[PDB]
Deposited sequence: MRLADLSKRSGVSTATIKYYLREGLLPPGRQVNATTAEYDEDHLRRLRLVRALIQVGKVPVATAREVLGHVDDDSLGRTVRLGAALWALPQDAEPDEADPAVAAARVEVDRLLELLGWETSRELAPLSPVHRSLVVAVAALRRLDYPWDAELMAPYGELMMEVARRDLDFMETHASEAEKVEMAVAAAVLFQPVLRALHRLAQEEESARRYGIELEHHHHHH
């Protein structure tokens, strides 16, 4: 493939590409892997709202050849924008941590229990649960279990999609993309589902 083919197929200006080349986001030359990389960059920036500097670190891990892939994927994923860390001293945070671990135990997400010490995603769940309990909403393991199963089915669908639509993409690249690509549409679907159901149960009309 040529530069023109790369630009026209990616929808990315022939300038922005040269910019990504010198920014390190795109390896120097152009095969289908160069294109897929570009697509990932656009997904990170456009949909993920990820800063260029941050995207550079993420891709750096994706391209790290000094570590095995299992470690690289973790590094790349956790290099993505994350939330603030909680106050472990907060009694609400402690209770939330216990509930979350019981939840992973109930759901059988054993791998997550092992990554838990460093996973910023695990931490965000802990933080979210602590906020609800602080407002006195009894969100515990048993109550979250059904939600977890549902979200797992969503996750399986995201990845099944990636695995087919982008079947030739490098794995780490695929996983990183899936981690930011579907949040906006999933949030929208959930918000609209609540609206639809709220309309059925309580009633919503236009004037």
property	result
Coordinate gaps, deposited numbering	30-38, 217-222
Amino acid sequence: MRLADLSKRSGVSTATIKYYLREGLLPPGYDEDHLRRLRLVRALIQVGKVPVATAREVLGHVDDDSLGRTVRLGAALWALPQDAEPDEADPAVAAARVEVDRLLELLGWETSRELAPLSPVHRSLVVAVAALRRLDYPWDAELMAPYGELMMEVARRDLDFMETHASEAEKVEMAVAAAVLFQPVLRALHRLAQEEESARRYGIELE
From here on, numbers count along this sequence of modelled residues.
| property | result |
| --- | --- |
| Entry-level comparison of average CA B-factors, 124-132 and 84-92, reporting the higher stretch | 84-92 |
| 70-78 set against 97-105, stretch whose average Cα temperature factor tops the other in the entry | 97-105 |
| Largest Cα B-factor, entry values, listed residues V52, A166, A177, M144 | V52 |
| C-alpha B-factor winner, where the candidates are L192, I17, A199, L186 | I17 |
| Modelled-residue ranking by C-alpha temperature factor, third containing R36 | lowest |
| Record-listed C-alpha B factor of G29: chain third | highest |
| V62, C-alpha B-factor rank within chain (lowest, middle or highest third) | middle |
| B-factor third for the C-alpha atom of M152 within its chain | highest |
